[PDB]
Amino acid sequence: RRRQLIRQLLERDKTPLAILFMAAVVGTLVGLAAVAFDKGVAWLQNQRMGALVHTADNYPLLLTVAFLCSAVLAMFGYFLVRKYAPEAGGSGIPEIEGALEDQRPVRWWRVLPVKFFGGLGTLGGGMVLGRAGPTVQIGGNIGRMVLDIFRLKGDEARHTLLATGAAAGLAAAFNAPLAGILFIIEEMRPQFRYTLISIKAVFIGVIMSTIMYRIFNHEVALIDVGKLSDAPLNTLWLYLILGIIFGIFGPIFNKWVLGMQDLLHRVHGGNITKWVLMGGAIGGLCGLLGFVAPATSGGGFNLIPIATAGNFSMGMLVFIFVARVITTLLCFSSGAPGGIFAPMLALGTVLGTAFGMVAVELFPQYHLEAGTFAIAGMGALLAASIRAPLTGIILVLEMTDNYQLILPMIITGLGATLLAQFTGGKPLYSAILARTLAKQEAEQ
């Protein structure tokens, strides 16, 4: 065996130039697609908020047109999915993990146009869903599409091009190349067996799509929080406790998303019309809340800098929290096309902040600033629910550029994954794939 090992070492890191070049082309396409998607969404939210001025007089007519618009967009989305590609429903990440396990097809000819225009409807309609799902899935399918277009053979090419397209998608959703690479090598990849995935190719693809992102989003940030304060050693324990809180809440939140997934399937029993209409109702409800109390709807990115700065009151924080737990559950569980990463970033921020506030009044001698707890908690829900701490920590880092909070962030995120395990719970994406795969049997 030692002779085989020696042979492999001596042959390590030699990826066929063709796969690398195709990873470059994939990265470029995924990046362009993610830019186009983001712009379309923004344009829709804009138009919608522009109609509210052409009808800004009759208040009831306002609360009416907000709802109608959002309903029509949500409905268009649910329709496009339920009618053409059922698989493009929800996050899309589980499905792609399945494809990495060769247990789920990659019908790109269907998913690409459906996930794109479908998500455009739901996101542009104001629903509490992120761009992460749609872009990562479109990424993967783009990778499959190029694989098929150049009829590339071998597991590696199939596995590599699929994984890079996914990573570049994540990169282009958050402008976070490192988070995009780490996500594949911590969550997406098969967790129980070896794989022929070329990291360097993933790298190339991510770089390419991130550059495509920069070509269209120069001089702006998704989340500008500025430079926060430092964290003394004697304050570290506070970040542990907060992790324990996320730890008890992580599993619970997972139970709810899955439960609500079932409970809502009952309401329409799988009927495409009761489905499309239920979605139209949730969507419209979001467009409605998107005016009355904006902090309860949308992606949540907007309310992050504010909450971190301490501009919200405790009561406002609790309100926003509960309302968002409800709208997030309602939107994701309903099978609507969208991600759950950002909503969880928002929730984590709010919870983290509230905790910081409490801490501040309880420990004046620590000279705390609630925002450090907001940043530490921002990725804590991704650590407790999806259970991919390293990717969350690096994503937050890449978005908030507050590396001096690195230790607290790791301490908080680790506490969450430690407490989430000893309270049971499962990696939400894994639980979902395990669910699709279980429902695929017992149905034979």
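When you see a residue number, it is the position in the sequence shown, counting from 1.
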For the C-alpha atoms alone, is the average B factor greater in 53-61 or in 393-401, going by the entry? 53-61
Reading the B-factor column of the entry, which of 373, 150, 366, 174 has the highest value at its C-alpha atom? 150
Return the residue from 354, 233, 346, 278 that has the highest Cα B-factor in the entry. 278
Would you check the entry's CA temperature factor for residue 262 and let me know if it's in the chain's lowest, middle or highest third? highest
Taking only the Cα B-factors deposited for this chain, tell me whether residue 293 sits in the lowest, middle or highest third. highest
Where does the C-alpha B-factor of residue 103 rank in its chain, lowest, middle or highest third? highest
Taking the values exactly as deposited, rank residue 217 by C-alpha B-factor within its chain and report the matching third: lowest, middle or highest. middle
Divide the modelled residues of the chain into thirds by Cα B-factor and specify which third, lowest, middle or highest, holds residue 126. middle
